[PDB]
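**Student:** One structure is given below, represented as structure tokens, and several questions about it will come after.
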Amino acid sequence: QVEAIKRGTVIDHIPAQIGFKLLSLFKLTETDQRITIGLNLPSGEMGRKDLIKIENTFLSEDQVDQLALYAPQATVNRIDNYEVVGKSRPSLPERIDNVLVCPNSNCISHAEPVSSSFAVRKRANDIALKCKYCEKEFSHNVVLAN
Amino acid sequence: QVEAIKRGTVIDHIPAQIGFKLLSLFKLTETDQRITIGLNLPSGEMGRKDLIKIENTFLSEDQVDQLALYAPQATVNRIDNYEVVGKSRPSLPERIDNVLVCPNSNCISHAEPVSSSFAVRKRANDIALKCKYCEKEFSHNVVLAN
Amino acid sequence: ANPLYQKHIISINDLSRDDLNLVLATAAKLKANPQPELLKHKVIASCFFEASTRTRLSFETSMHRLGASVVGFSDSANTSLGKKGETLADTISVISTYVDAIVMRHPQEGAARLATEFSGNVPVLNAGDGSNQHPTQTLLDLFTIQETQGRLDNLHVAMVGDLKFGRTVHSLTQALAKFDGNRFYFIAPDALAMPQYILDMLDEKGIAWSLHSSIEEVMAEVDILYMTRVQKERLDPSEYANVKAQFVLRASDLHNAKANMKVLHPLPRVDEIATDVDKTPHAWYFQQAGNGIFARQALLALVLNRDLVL
Amino acid sequence: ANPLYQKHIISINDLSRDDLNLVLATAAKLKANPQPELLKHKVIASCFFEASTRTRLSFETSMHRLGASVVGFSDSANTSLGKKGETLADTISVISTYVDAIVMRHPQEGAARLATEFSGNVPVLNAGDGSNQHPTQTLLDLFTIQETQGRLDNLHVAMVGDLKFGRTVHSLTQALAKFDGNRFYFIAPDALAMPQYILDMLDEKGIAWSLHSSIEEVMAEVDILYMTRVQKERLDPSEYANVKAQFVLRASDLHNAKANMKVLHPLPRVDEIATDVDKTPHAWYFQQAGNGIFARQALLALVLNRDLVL
Amino acid sequence: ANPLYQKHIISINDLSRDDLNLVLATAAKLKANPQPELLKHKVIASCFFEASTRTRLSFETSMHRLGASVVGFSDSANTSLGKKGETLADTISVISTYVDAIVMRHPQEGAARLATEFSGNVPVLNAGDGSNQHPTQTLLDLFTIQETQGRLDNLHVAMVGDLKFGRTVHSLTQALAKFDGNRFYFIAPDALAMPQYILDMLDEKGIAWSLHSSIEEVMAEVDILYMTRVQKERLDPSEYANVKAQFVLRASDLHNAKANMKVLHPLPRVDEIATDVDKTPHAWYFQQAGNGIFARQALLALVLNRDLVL
Amino acid sequence: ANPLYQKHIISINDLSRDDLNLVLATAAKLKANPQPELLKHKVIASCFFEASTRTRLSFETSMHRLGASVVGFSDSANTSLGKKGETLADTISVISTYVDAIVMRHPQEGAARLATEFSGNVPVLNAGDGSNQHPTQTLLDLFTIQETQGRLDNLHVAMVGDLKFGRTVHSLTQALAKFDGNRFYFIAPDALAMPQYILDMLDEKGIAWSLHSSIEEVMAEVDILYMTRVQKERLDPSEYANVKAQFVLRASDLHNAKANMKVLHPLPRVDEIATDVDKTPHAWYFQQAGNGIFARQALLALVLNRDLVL
Ligand SMILES: [Zn+2]
Ligand SMILES: [Zn+2]
């Protein structure tokens, strides 16, 4: 809720000490304009969670489901036209591109100009993530160390 | 000048598209409390430069001269006791530890548990930076690609 | 247009039952009436970044029995390309301009899959990445259990050996799991048994399977007996010898065996199948290897042809 | 009779402008309408006494696209012949009896030239001696700057890299110096610059040339940008890094570049041309490599044919 | 006469508790007041038929700190002796005539035991046969858990890693099983767990032991934490990564740990113990390695002395 | 306390003139009256991670002439330690516990400097990292130009050869630049000349220097003539031969030479100094090499002694 510009895409409620990381992996700083980075505050349904708005951008529906294995619950409520006209919240996508690294040491993706791509599975119980290239299904907690 | 908490260390006026980088190299997110990250605004003696305050921290005089080869000019004016009681601005240090990588491919510092350390030289004209380990003096623009 | 024209055949679970059925039926066919100058004038690359000459001599005869020309290499850390620093991506980018189909084996996984991203229109046949796929072997394993059992369904099929790291038996199970009925018997040392993600898969499509200690309790029920080597280093010098002999197959054991029953082995064997089995009519590993010609021909013809006229 | 029938093509300054023109015009042609069984029944030797598989796979496909057969070798200190003590002269003396054309790469210089003295009627194509000639590369470099610029004259052509030891840029300059106008821009580290016997030659035929510090001052004037690697050992660990980045070409720099302008590279690159250039329409090194087929075909056809019927 | 004079020290279960107690007590002693010219004038052979320089530099300093001279070899398939055809028996038969004590590591098992049959009066210290004994390591592992815990009995001692093939943890258990009380905790991947002949032995002398999934459930009870590497090839590329991190020890985990508690590792580590543990006072692997000097000195002095005067 | 006790001697610009003066004066001394059992009972490590036997046999005799014991290794990709994955930091951490001084040569730069961070109290002598320091050579080069010229100041000293990559002449200039007067003459091929950061340094302390094409224009003015090899690959096959002979020194040229004048060479030579120079009294490279014993002894004694009693 802290001081921020009218109009942009608001990203909110990021969990415990993520947020810098999300600005790191999805490369949100490359595409400039005012990047109201909140961070390390108390916020909604928490009272100790990270959050941050931007101006002029407009992340897609697939662009927001990318957050899914990092936050799940996290508002991304657009401040369209003049004000907060369009709520959202990520679920879990069908394919996480770039960002994560294959834990198989002998994968060709450590040696190449290729985009890292894991097909997502298990809606919850222990989200499994198989590599596009070496076809190995590891746990998500395992790929998420990086 | 934007909305931020009374008391902390204010870091200001960071140059063109640095700022995320400074939060990356000096590891300013590890030590939590409210990290008012400004970024991509108009500010002092600029009208298009980055900047960001924090709460509860208090960077040292050597901690601030670390910025030197990244900003030079950049206020770091403490909001002590209750309010803005102690101005500063980095010059260029005598030794930049960690952060930068030796461009010599055959240095042992790419293979090891050792802290990267370059002795600084030339106050201006073409700041040279020799390695601690392989004793090679490269230009700063060359090490600064990383 | 063929269903496989221009397709890169990289995995066995990349394929569907219906084109596995189109690969097999075609093989049966080219075996019947050969097409010697079908691929006449096409130039194919035998890129074995990882040497393996038994897969190479097979593939390369298969190109030739269809009249194609072959250029290529067996690398053993000395081939200038895709070595000094030149990325495997940039090697495929220049091979893809003078050949018509790449054949490829490599040490790292997803290598062929990477090739697919830079070959453009050129099809890539995967002769085996690393620990991952070798679908051409599986396409000659199924062509052989069907040429002999007359069907790929409702069969009893044993799986003997190092079933944990045995990628050849992993992928024969997934492909046979696209068909109905089919019983499975896994005979393996306690410590090298079938990985439980396959067993998980087997249960969701409701496939029947058991676990056994020896070929002694399996032999009268068994149609196929797919044999595979148990490595000395994978067990323990002592644990190896106590259990070892339950996994050897001499012909003594071929007593209760059904008449149809075939003993298949991916090769090379060493000693887990004995020379007195070779005389017995249930030994079919040498013929299994010969049919690899027919299964690999079929991929080459479907992949480089729209109008397949046979 | 062809002007090149039975000729051994060993150097680029062994050739004259008019048959360089006959090599190029023929290549353009075979590319247009292929002649698949032109060299049908001829047997050609791929003698790579020095392994190099990117030159070998190119040459060998080129023989095959004309229907010829290939016998040969990649030696890596193990080939019985031309090794134990048997002179390279006496190796050629027995190869020359069963083949129809030798293709040859070797570590020492004038090797192919020596072969010419013992092959008799057999033509010798030189796939690269040592530090000296590799005319087949140059014949595919000119075929590519002309397929794209529409002419081999009055062009601006940059030369980036290790220009001292860079034999590939040496010999592209001498061949382009047989044509008119043609400006030259040499961008090189202070210490690896263009040897001054070439610069001497360039001045006697009155050819225009400059010297630059970076591709930054050259880019809007340039038609071709022939790129080549600067080796780490040739400079000094520190001197390497200070100057290094002026010789890298990312696509950022392709801003002022003319529409025609082509970025060519002999390959293999490593990092002096970046992956964001590959997308840009000025990147033509992968096609440069593909055309090597067409230039090498042409030599094989002219050399083994009198009546070239295309 | 010493109880160990002229003895060949080949196994750890070749020794009895009372001379294990005589090895340890002596080490504590020579560490206290060094005896620099004790073995003055004796000549000792460092026969490392299998290279291993960390065991060799240790052994060889130990000979020297007692004033002995050393002749020897690190073979890497090139040492003329005990190679071409000369039996390891006949190599020992000629070394045994000019030295006073042989030190020996070899690839095959029972090599040192074979040496014992041909050395005659010469003692043989076994620096490690193959998959079998390396008692000098165990004699420095016990000297270190006792120099720090003040006793070799009624201790809690964890065993982390590849416990199946981990010969160093096999033999630390058998030697600690000659003492009383002593609890054991084995943390291991499902597939590389402690072999059940040791667990059998542990039950007959009535020794207490558990089995755990991680150092997470063990840390507040533990005195020693003997760490050892889990090899990538022993598990499965995926099964390796899922379980991997439970066997890594960063200093984060050293929170509940008792004050006495020592983290020991046989070395070389790679990554299963992290650099932030090295600062923590529970890290004792570097000192464990330093004490190997003291334990190996002791064998050399007892074996070559009757009247040990310290 | 000595000014060098416990010091790690890693660079030549790590030292100051006054202890360079303490190294030299001590060497002159131990040469005079040897101290055979000075380092009696100390154990020193000869860690040559990079083989080099001429530096090793020198260092190792030097330890021994002072009565010390030596343990160590010449690695050629086979030494178990500091190889498989064990960090060079963690190798030094276990060597540092059983030796008293490490001697160390390695392929990568700052290796010895890294050792210094993990050896603790143990001194590290740097036998040469990579392209960076080898101060022990320089400490025997200065000990020799002073044993013969009677002073390290106001001398004429020539520097012949590959002066760009020639680290041995780099560091002889910096050390001689701490003394007064001293003229410098650099004779070098156009392309391998003295790097201009040294020439920069030479101008700030106001040191006199020239640049020459041959030893022909230098010979009557010269006191020292420090010779060094010009590598064939560093120039150009032709550029090598045209200039080559100006850098060879046969005795023909020793005609104008002063009586004092000494021809020194770091070794190994090949052909740039001819065998008829060896007879002439100006040849002092073999004695230069012999004195390396005396300079390296001195570091070992100062570093391992407080009270140096000579
Ligand atoms: Zn992968
Ligand atoms: Zn460095």
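By convention in this document, the chains of the structure tokens carry letters A, B, ... by their order, each chain's residues are numbered from 1, and ligands are numbered from 1 in the order they are shown.
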Residues up to 12 Å from ligand 1, counting only C-alpha atoms and all ligand atoms: could you list those as a count of residues only?
**Tutor:** 42
**Student:** Taking only residues of chain C that have an atom at most 12 Å from an atom of chain E, what is each one's shortest atom pair and its distance in Å to one decimal, using only C-alpha atoms, in chain and number order, as a Markdown table?
**Tutor:**
```
| residue | atom | partner | partner_atom | distance |
| --- | --- | --- | --- | --- |
| C:109 | CA | E:237 | CA | 11.1 |
| C:130 | CA | E:237 | CA | 11.4 |
| C:131 | CA | E:237 | CA | 8.7 |
| C:132 | CA | E:237 | CA | 10.4 |
| C:163 | CA | E:236 | CA | 11.8 |
| C:164 | CA | E:236 | CA | 8.1 |
| C:165 | CA | E:236 | CA | 7.2 |
| C:166 | CA | E:236 | CA | 10.9 |
| C:167 | CA | E:236 | CA | 11.3 |
| C:190 | CA | E:191 | CA | 9.7 |
| C:191 | CA | E:191 | CA | 6.7 |
| C:192 | CA | E:191 | CA | 8.8 |
| C:193 | CA | E:191 | CA | 10.3 |
| C:194 | CA | E:236 | CA | 11.8 |
| C:195 | CA | E:236 | CA | 9.4 |
| C:196 | CA | E:239 | CA | 10.7 |
| C:197 | CA | E:239 | CA | 10.7 |
| C:233 | CA | E:234 | CA | 9.3 |
| C:234 | CA | E:234 | CA | 7.4 |
| C:235 | CA | E:165 | CA | 9.1 |
| C:236 | CA | E:165 | CA | 7.2 |
| C:237 | CA | E:131 | CA | 8.7 |
| C:238 | CA | E:195 | CA | 10.9 |
| C:239 | CA | E:195 | CA | 9.6 |
```
**Student:** Residues of chain A within 6 Å of chain B, counting only C-alpha atoms, what are they? List them as number ranges by chain.
**Tutor:** A: 33-41
**Student:** Determine which residues of stretch 129-282 of chain C receive a DSSP assignment of strand (DSSP E), computed from the backbone, and state them as a VMD selection string.
**Tutor:** chain C and resid 156 to 160 183 to 187 209 to 212 224 to 227 262 to 264
**Student:** What is the atom CA of residue D:48-atom CA of residue C:62 distance in Å, reported with one decimal?
**Tutor:**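 Separation between atom CA of residue D:48 and atom CA of residue C:62: 26.4 Å.
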**Student:** Determine which residues of stretch 115-292 of chain C DSSP labels as alpha helix (DSSP H) from the backbone of this structure, then write them out as a VMD selection string.
**Tutor:** chain C and resid 115 to 118 135 to 149 167 to 176 198 to 204 237 to 244 285 to 292
**Student:** Given only C-alpha atoms as the basis, pick out the residue of F:31, F:92, F:107, F:51 nearest to chain B.
**Tutor:**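 Using only C-alpha atoms, chain B sits closest to F:107.
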**Student:** Do a neighbour search on residue A:43 at 10 Å with only C-alpha atoms, toss out local chain neighbours closer than 6 positions, and write the hits as a list in words.
**Tutor:**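 In the requested format, the answer is residues 1, 2, 12, 13, 14, 49, 50 and 51 of chain A.
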**Student:** Find the residues around residue D:172 up to 8 Å (only C-alpha atoms counted), leave out those fewer than 6 positions away in its own chain, and share them as a ChimeraX atom specification.
**Tutor:** /D:138,141-142
**Student:** For residue D:39, please output as an NGL selection string all residues within 9 Å (counting only C-alpha atoms; exclusion window: fewer than 2 positions along the same chain).
**Tutor:** :D and (35-37 or 41-43 or 63-69 or 300-301 or 304-305)
**Student:** Skip stretch 76-86 of chain D itself and residues of its chain fewer than 3 positions away, then list as a PDB file with C-alpha atoms, in the first residue's frame all residues within 8 Å of it, counting only C-alpha atoms.
**Tutor:**
```pdb
ATOM      1  CA  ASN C  78      40.630 -35.786 -31.551  1.00  0.00           C
TER       2      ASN C  78
ATOM      3  CA  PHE D  49      47.487 -36.806 -42.636  1.00  0.00           C
ATOM      4  CA  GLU D  50      46.482 -34.024 -40.296  1.00  0.00           C
ATOM      5  CA  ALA D  51      42.990 -34.493 -38.921  1.00  0.00           C
ATOM      6  CA  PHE D  73      41.965 -41.607 -43.614  1.00  0.00           C
ATOM      7  CA  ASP D  90      56.567 -43.054 -51.570  1.00  0.00           C
ATOM      8  CA  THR D  91      53.047 -42.990 -50.019  1.00  0.00           C
TER       9      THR D  91
END
```
**Student:** Pick out the residues sitting within 9 Å of stretch 272-282 of chain D, and hand them over as a short mmCIF file (atom, residue, chain, number, x, y, z; two decimals) with N, CA, C and O atoms, in the first residue's frame; count only C-alpha atoms, and ignore anything fewer than 6 positions along from it in its own chain.
**Tutor:**
```
data_model
loop_
_atom_site.label_atom_id
_atom_site.label_comp_id
_atom_site.auth_asym_id
_atom_site.auth_seq_id
_atom_site.Cartn_x
_atom_site.Cartn_y
_atom_site.Cartn_z
N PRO A 113 24.50 -22.43 -25.29
CA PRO A 113 23.45 -21.55 -25.80
C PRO A 113 22.05 -22.13 -26.06
O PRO A 113 21.54 -22.16 -27.19
N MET D 227 35.71 -11.69 -40.14
CA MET D 227 36.13 -11.87 -38.76
C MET D 227 37.07 -13.04 -38.45
O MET D 227 36.82 -14.17 -38.88
N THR D 228 38.05 -12.83 -37.59
CA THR D 228 38.87 -13.94 -37.17
C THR D 228 39.47 -13.81 -35.78
O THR D 228 39.81 -12.74 -35.28
N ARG D 229 39.47 -14.95 -35.10
CA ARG D 229 39.96 -15.11 -33.74
C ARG D 229 41.31 -14.53 -33.31
O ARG D 229 42.32 -14.64 -34.01
N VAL D 230 41.35 -13.88 -32.14
CA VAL D 230 42.62 -13.41 -31.60
C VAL D 230 42.99 -14.35 -30.45
O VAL D 230 42.34 -14.36 -29.39
N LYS D 244 41.09 -6.74 -25.94
CA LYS D 244 40.17 -7.79 -26.35
C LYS D 244 38.84 -7.37 -26.92
O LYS D 244 38.49 -7.76 -28.03
N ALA D 245 38.08 -6.63 -26.13
CA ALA D 245 36.73 -6.25 -26.49
C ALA D 245 36.55 -5.38 -27.72
O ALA D 245 35.41 -5.15 -28.14
N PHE D 247 37.73 -6.20 -30.53
CA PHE D 247 37.66 -7.20 -31.57
C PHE D 247 36.48 -8.14 -31.43
O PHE D 247 36.33 -9.05 -32.24
N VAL D 248 35.63 -8.01 -30.41
CA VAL D 248 34.42 -8.81 -30.30
C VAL D 248 33.33 -8.09 -31.07
O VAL D 248 33.25 -6.86 -31.08
N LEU D 249 32.45 -8.87 -31.68
CA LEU D 249 31.36 -8.29 -32.41
C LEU D 249 30.05 -8.77 -31.84
O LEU D 249 29.63 -9.89 -32.06
N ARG D 250 29.42 -7.99 -30.99
CA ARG D 250 28.06 -8.34 -30.64
C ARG D 250 27.18 -7.63 -31.64
O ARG D 250 27.68 -6.85 -32.45
N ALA D 251 25.89 -7.91 -31.66
CA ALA D 251 24.97 -7.26 -32.58
C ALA D 251 24.69 -5.81 -32.29
O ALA D 251 24.04 -5.15 -33.09
N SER D 252 25.08 -5.34 -31.11
CA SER D 252 24.95 -3.94 -30.71
C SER D 252 25.58 -3.06 -31.79
O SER D 252 25.04 -2.01 -32.17
N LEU D 254 26.02 -3.73 -34.90
CA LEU D 254 25.45 -3.78 -36.23
C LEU D 254 24.41 -2.69 -36.47
O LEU D 254 23.53 -2.80 -37.32
N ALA D 257 25.50 -0.34 -39.83
CA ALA D 257 25.74 -1.20 -40.98
C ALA D 257 24.78 -1.14 -42.15
O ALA D 257 23.56 -1.13 -42.02
N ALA D 259 22.77 -2.20 -45.59
CA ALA D 259 21.90 -3.33 -45.78
C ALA D 259 22.57 -4.57 -46.39
O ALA D 259 22.20 -5.72 -46.13
N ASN D 260 23.50 -4.35 -47.32
CA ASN D 260 24.21 -5.42 -48.02
C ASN D 260 25.16 -6.21 -47.15
O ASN D 260 25.21 -7.45 -47.21
N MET D 261 25.82 -5.42 -46.31
CA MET D 261 26.88 -5.82 -45.41
C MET D 261 26.75 -7.22 -44.83
O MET D 261 25.72 -7.56 -44.24
N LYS D 262 27.81 -8.01 -44.95
CA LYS D 262 27.81 -9.37 -44.46
C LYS D 262 28.97 -9.63 -43.53
O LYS D 262 30.12 -9.29 -43.81
N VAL D 263 28.62 -10.28 -42.43
CA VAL D 263 29.60 -10.69 -41.45
C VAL D 263 29.96 -12.12 -41.76
O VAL D 263 29.14 -13.02 -41.58
N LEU D 264 31.18 -12.35 -42.25
CA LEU D 264 31.69 -13.68 -42.57
C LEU D 264 32.74 -14.10 -41.56
O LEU D 264 33.49 -13.26 -41.06
N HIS D 265 32.83 -15.38 -41.22
CA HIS D 265 33.86 -15.90 -40.34
C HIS D 265 34.32 -17.28 -40.81
O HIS D 265 33.46 -18.16 -40.91
#
```
**Student:** Could you please determine the separation between atom CA of residue E:19 and atom CA of residue E:296 in Å, to one decimal place?
**Tutor:** 14.0 Å
**Student:** Mind giving me the straight-line distance from atom CA of residue E:103 to atom CA of residue E:173 in Å, one decimal?
**Tutor:**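 Going from atom CA of residue E:103 over to atom CA of residue E:173, I get 24.5 Å.
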